[PDB]
Every structure is written in structure tokens, then in C-alpha cells.
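The next block holds one structure in the form of C-alpha cells; read it before the comments.
Protein chains: 2
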Amino acid sequence: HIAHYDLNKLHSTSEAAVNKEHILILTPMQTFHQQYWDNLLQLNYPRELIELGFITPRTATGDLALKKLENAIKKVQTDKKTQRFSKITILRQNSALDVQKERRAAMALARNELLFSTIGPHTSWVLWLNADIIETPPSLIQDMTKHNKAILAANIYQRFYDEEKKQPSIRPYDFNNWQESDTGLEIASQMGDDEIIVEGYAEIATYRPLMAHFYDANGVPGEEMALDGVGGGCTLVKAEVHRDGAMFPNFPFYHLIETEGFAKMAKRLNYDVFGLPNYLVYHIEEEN
Amino acid sequence: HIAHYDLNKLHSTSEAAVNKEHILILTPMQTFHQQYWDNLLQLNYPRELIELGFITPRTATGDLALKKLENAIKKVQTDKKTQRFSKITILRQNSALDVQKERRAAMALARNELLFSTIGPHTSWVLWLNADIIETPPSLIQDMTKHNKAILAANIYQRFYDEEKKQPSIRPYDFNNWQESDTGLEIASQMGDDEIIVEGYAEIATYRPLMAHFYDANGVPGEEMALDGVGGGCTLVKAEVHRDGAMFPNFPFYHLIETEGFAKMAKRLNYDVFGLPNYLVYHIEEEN
Ligand SMILES: Nc1nc2c(ncn2[C@@H]2O[C@H](COP(=O)(O)OP(=O)(O)O)[C@@H](O)[C@H]2O)c(=O)[nH]1
Ligand SMILES: Nc1nc2c(ncn2[C@@H]2O[C@H](COP(=O)(O)OP(=O)(O)O)[C@@H](O)[C@H]2O)c(=O)[nH]1
Ligand SMILES: [Mn+2]
Ligand SMILES: [Mn+2]
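Chains as they are written, first to last, in the authors' numbering: chain A, 95 to 189, 202 to 394; chain A', 95 to 189, 202 to 394. A prime marks a further copy of an entry chain.
Following this line, the structure appears as C-alpha cells:
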């Protein structure tokens, strides 16, 4: 029956693990990748503080993912009891450039359905971790909460083989982490109320400084940069930002949708959005 | 640990009780009224299908309410086990005309904090029931779900003593249930991006047809009217509307905030909003 919580005593701080701050890791999943799963299992944030939430599309592809995901969860949750995740929720979804717009709008609904259903009165942090992020440091959560920001996006790169240099290498991958520019605002001012700007919209091109390219091999991993747009690859959100209402709009919101409109929404709710240009995590390879 | 739910198999229908559709009744509460509580207990929707959520402000007034509320919950949850509410969550809040704007914006955060924290992967319906609604029919939930609408506002009146006629009587109370008018849109088109229109804004006056006055003593209780703005007095929402993202904006949203901006948000998410002009429920008396 009865559950009592003072939300003002629920903190999100730099020292999340020591303070026993609960985190909810949310992953929309069209394809199950074992390395994503193994990378998750290698996170060293205490398991008793972690809840997991997944949402799969209602398609042949989603159902194959669901099967593999269910099997992986069964193995972990029936191993030693001290190492179980506190809770795991699996949901199936309720629901050019023009293709991208439609796809992003559909994703916005999936993310909301998952977020609303799973966030609770004890959650301090929500980590948005896409199912194709296959490599992070094992201290990902501690590393990111340390910054104590309302919203914090890691920079998403991708490994590949460099044919010229005959050696493994890395390249930028996620261009949804960006700062707004005057050029970006002007172009948006001139647009109709339901026109959406998404990545690859010709005239803005890369005129909104993309975080991916601020990666500095000579810099340090704690570097922070102010952002205006984020993706959902590996993006850490204080629970209070979502509880105040910031969500993933399926409709045009200042000409933005989904994860980018989310950032704009958190700013309207008086939160600041940041990114880590020199803290890289990795999206699955083209060759994988 | 493990919880599985297909959200597409989670229905909100006309025959909610028979279909065992779970409802979450959400009440922000600054003042505990025994008649509100007794009226809630007299609802005859099955208890095993009801979860309750409350959120109180962090003030002397809220803490007095909290004490009385806790006592009332203890009595009900430790009576016969067959009649317990499935779950009860109590939260304390994390956080002219100009006064109304500030008050409504603060309420929007409270409603979101409560909604996000308490809605779950099994919820079919969310009833927003203000803590000063002290009389409804005992079949309130069945009566309202019967309509099978995305959003449905009951018409909120208030009892008083008629001094002239020397007899109990009734008067309209909630003017946040309205239809938009051309005059309303024109006046809003001419306003700055962060100007808010709230009840009592001089120029719109009552030019947005108010549902309160469409009450027809000669009409029938099943009458439906299309709305554009709602309050949170006694307003029933299919869970999918919230899961898709519709929430209570604390920032100006098409010049609307809180419950009115919520309705506008659900419309942007392609939902239709309705009201019951001849289905009256009652806000506590001035004399009470
Ligand atoms: N629930 C759900 N997840 C999806 C869907 N499409 C892609 N995903 C997941 O959403 C995330 C982003 O995937 P996608 O946009 O295809 O890859 P990207 O373009 O390389 O970021 C990954 O976690 C995918 O598994 C969908 O239709 N529904
Ligand atoms: N959590 C919370 N609830 C409030 C606060 N102020 C009022 N309420 C509740 O919000 C609802 C609307 O109350 P109010 O706006 O004062 O009454 P109205 O103007 O007659 O609708 C009722 O359920 C009140 O108990 C607040 O600051 N925080
Ligand atoms: Mn991908
Ligand atoms: Mn009142």
C-alpha cells in the first residue's frame, strides 16, 4: 500500500554512488547487441542502485531483439542475488529528411512511454543510453554524475579500421549534440510553425557548432561545453528535469523534435544543458 | 526484478471496471477536507484497480494537510484487506493576475512531479481530482470512462445557501473548462512569446465559451462538448495521452500554462478534448 517520499530530500549530486542515488538507465532497443549488454554489465556503479528500462518496437526486428534481451536479463537476474539489478522493465511500444522527421517523431513517443512508465518517486538520475552504444568506461555513471549538471551528453564516436594507416581508429558519430548559433535561430525564425529542423537540413548544414568536432586529443576528459541540442546516445539527466516536465516532443517544438526538442524544453524549464567533448563513448561499428 | 508489458495491449475503454482497467487518481493537496476523503472512499470502482497519488506543498499548511491525510490513509489501509487501495503514494513537492500566473506555474510543476513519479506501465486511466472536490456520484469513474474520450472534464459547480429563496442551491465554479474562439486566437496571436493568458485576463473576458454555463437543467448527463482548455478539478485522461508526453507546462505554451496548456499539448499530440456540461460535481462551499 503506502509509500511516502519528500522530493526535496531526493538529491542528485556529484557523489551519487556514495550517496546511494538511484539511477534509471533507459534504452530504446530495435536491435540487441551483445557488446551493448556486456558493456552495461561491466558498469561498476552499485547494482542495487540501478533500474533498467527497455522499449522495443512492435515489429519482426523488435521481437527478435526482445527475445535476445529477455534471455540476457534471465541470465543476470538468476545469477548471484547480490549482483541483481534492482528492477528491470521491458515494454513493447504502444505506437528526405522527411523519413528522418517521421522516424524521430516516432522515437519521441517511444522515449516518453518508457520514461513516464518507469521513472519513480525515488529516481535521482535517468541515463539515456542507446542500444547501439557498445563501449563506455566501466565508471560511466560516476564519471558523468561527478559533473553535477542538469543534462550532460557524452561525445559519441565510432571505431573503424583505418585502411590507409592499417590500424584501428575512431571517428565522430552523433551530430545531435550541438550549440545553437545566430544563423540557426535566424533560419528557424523564418520557418512555419510546424516545419522541423533535423540533422542534414541543408541550409543550417553544420552551422550549429557540433560537439563531435570539439573533441581535442590534447585536452582533458573533464572539459565541459554548453549545449543547446542533445542526442539520446549517452545522455545523463537529473530526475528533477524530467519530473518538472521536460520530455521528448513528438510535435514540432521551436522547430525541434525528440531529443533536440527535449533540450529546448529543459531550457524553457530553466535548466542548463552541457556536453563532454573529450569524454568519448562508442557506437557500434559499420563492420559489426 | 523483471516486469514485462506490451503497451499496445493495455487498453482504455468504455467498460473499464469489467475490463479491470487500472486507474490512478491524482490529487494535489494543500488542505485536507474530510468530505473529499469520504467522497473518495464512496467511489464504487473496484479498489483493487485504484492507485492514489497525492502531493503536498512544503509549507505549514501543506504539513497540516499531510498529517490528516496520513491518518486517513492509515485507517483505510488497515481495515479489511479486500477493500485496500492497490497503492497509495504521498509526495512532498520538490519546488494580478500576476499572482495567478505564478500560482498556476508552480502548480504545473507539482502536477508533473506527481504524475511522472506515480504513473506506471499498467495504468489505463489517470483521474485528476482536486482536493477540494467534495461531492461526486459514487459511480464517477464508470460514468466518465463510459465516454471513452482521451480527455474528459466534468463540469465543476459549488453548493451554497440561496438567501432570497431560503433553500440550498448550486452555482458554477470552474471556468478553466472552455472552448477556444476566434477572438481568443486573435488576442493570443498579438501577444509576446512569454505572455500568458489566464482566467480573468481582461480582454478575453469570457469570450472563450465557458463550459460551466452550458449546463442545461433540461438536458441529459451524457451530453458531450468539444473543449480546448480544461481544469484539473475532475478531469479524466487516458494514460496513453500522458505517456505520449502531454504534461502541465510551467512555461508559456501557446500562451497557456498548467492545465490549459496541458489540453493544448494533448491536441498537438493529436488527441481530442471533451467536457460533460450536464455532469456536475461539487467544489467545497465558501461557508465550509
Ligand atoms: N523502441 C524503439 N527503438 C528504436 C526504434 N528504432 C531505433 N530504435 C533504437 O533507438 C536508438 C537509436 O537508433 P537509430 O536512430 O536507428 O541509430 P542512430 O541513427 O545510429 O542513432 C537505438 O537504441 C535503436 O535500437 C523504434 O522504432 N522503436
Ligand atoms: N501540491 C500543492 N497543491 C496545491 C497548492 N496550492 C493549492 N493546491 C491544491 O491544488 C488544487 C487547486 O486548488 P486552488 O487552486 O487553491 O483552488 P481553486 O482555485 O478553487 O481551484 C487543490 O487540490 C488544492 O488543495 C500547492 O502549492 N501545492
Ligand atoms: Mn545506431
Ligand atoms: Mn479550491
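We treat Cβ as the ideally placed atom computed from N, Cα and C, and that holds for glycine.
Chain A within 7 angstroms of residue i, Cβ atoms only
i               : result
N254 (chain A') : no
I302 (chain A') : no
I184 (chain A') : yes
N133 (chain A') : no
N188 (chain A') : yes
Within-7 angstroms CB hit, residue i to chain A'
i              : result
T289 (chain A) : no
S295 (chain A) : no
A97 (chain A)  : yes
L215 (chain A) : yes
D100 (chain A) : yes
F222 (chain A) : yes
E219 (chain A) : yes
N138 (chain A) : no
Item to complete: With 8 angstroms as the C-beta to C-beta threshold (strictly closer), list the residues of the segment 345-359 of chain A near chain A' in chain order.
Response: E346, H348, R349, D350, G351, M353, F354, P355, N356 and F357
Item to complete: May I have a chain-ordered list of the alpha helix (DSSP H) segments no shorter than 4 residues that lie completely inside the segment 212-280 of chain A'?
Response: 246-251
Worksheet item: Can you pull every residue whose C-beta falls closer than 7 angstroms to some heavy atom of ligand 4, listed in chain order?
Response: A':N236, A':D238, A':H389 and A':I390
Practice prompt. Evaluate the contact criterion for the segment 346-363 of chain A' versus the segment 312-328 of chain A': three or more CB pairs, one atom per stretch, below 8 angstroms.
Written response: no
Fill in: Residues of the segment 261-283 of chain A with Cβ closer than 8 angstroms to any Cβ of chain A', in chain order
none
Item to complete: Flag this pair as touching only if the segment 216-228 of chain A' and the segment 239-254 of chain A' have three or more C-beta atom pairs under 8 angstroms; answer yes or no.
Response: no
Worksheet item: Just by C-beta distance, which residues in the segment 157-181 of chain A' are closer than 7 angstroms to chain A?
Response: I167, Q171, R178, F179 and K181
Item to complete: Mind listing, in chain order, the continuous alpha helix (DSSP H) runs of no fewer than 4 residues lying wholly within the segment 273-330 of chain A?
Response: 288-295
Worksheet item: Do the segment 285-296 of chain A and the segment 247-265 of chain A touch if we need at least three Cβ pairs shorter than 8 angstroms?
Response: no
Worksheet item: Got a sec: which bits of the segment 102-119 of chain A' sit with their beta carbon under 7 angstroms from any beta carbon on chain A, in order along the chain?
Response: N102
Worksheet item: Looking at chain A, which residues of the segment 225-250 of chain A' have a Cβ within less than 7 angstroms of any of its Cβ atoms?
Response: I225, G226 and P227
Worksheet entry | Contact list for the segment 362-375 of chain A' against chain A, Cβ threshold 8 angstroms | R374 and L375
Worksheet item: If you scan the segment 106-187 of chain A from start to end, which runs of the alpha helix (DSSP H) of 4 or more residues do you find wholly inside it?
Response: 128-135 and 154-171
Practice prompt. Evaluate contact between the segment 330-347 of chain A and the segment 266-284 of chain A, counting only Cβ atoms and requiring at least three cross-stretch pairs below 8 angstroms.
Written response: yes
Worksheet item: Is the segment 206-216 of chain A in contact with the segment 157-171 of chain A, if contact means three or more CB pairs nearer than 8 angstroms?
Response: no
Worksheet entry | Stretch-stretch touch, CB-based, cutoff 8 angstroms, three pairs: the segment 172-181 of chain A with the segment 318-326 of chain A' | no
Discussion item. When you compare the segment 263-278 of chain A' with the segment 141-153 of chain A', are there three or more beta-carbon pairs, one atom per stretch, that lie closer than 8 angstroms?
Written reply: no
Discussion item. Under 8 angstroms, with one C-beta from each stretch per pair, do the segment 377-390 of chain A and the segment 255-262 of chain A reach the 3-pair mark?
Written reply: yes
Discussion item. My parser needs the alpha helix (DSSP H) runs of 4 or more residues fully inside the segment 323-374 of chain A; what are they?
Written reply: 345-349 and 364-374
Practice prompt. Please determine if the segment 362-376 of chain A' and the segment 324-338 of chain A' are in contact, where contact requires at least 3 C-beta pairs separated by less than 8 angstroms.
Written response: yes
Item to complete: Check whether the segment 229-240 of chain A touches the segment 125-137 of chain A, counting contact only when three or more Cβ pairs, one atom from each stretch, lie closer than 8 angstroms.
Response: yes
Worksheet item: Which residues, in chain order, does the segment 140-156 of chain A' contribute to contact with chain A at a C-beta distance below 7 angstroms?
Response: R152
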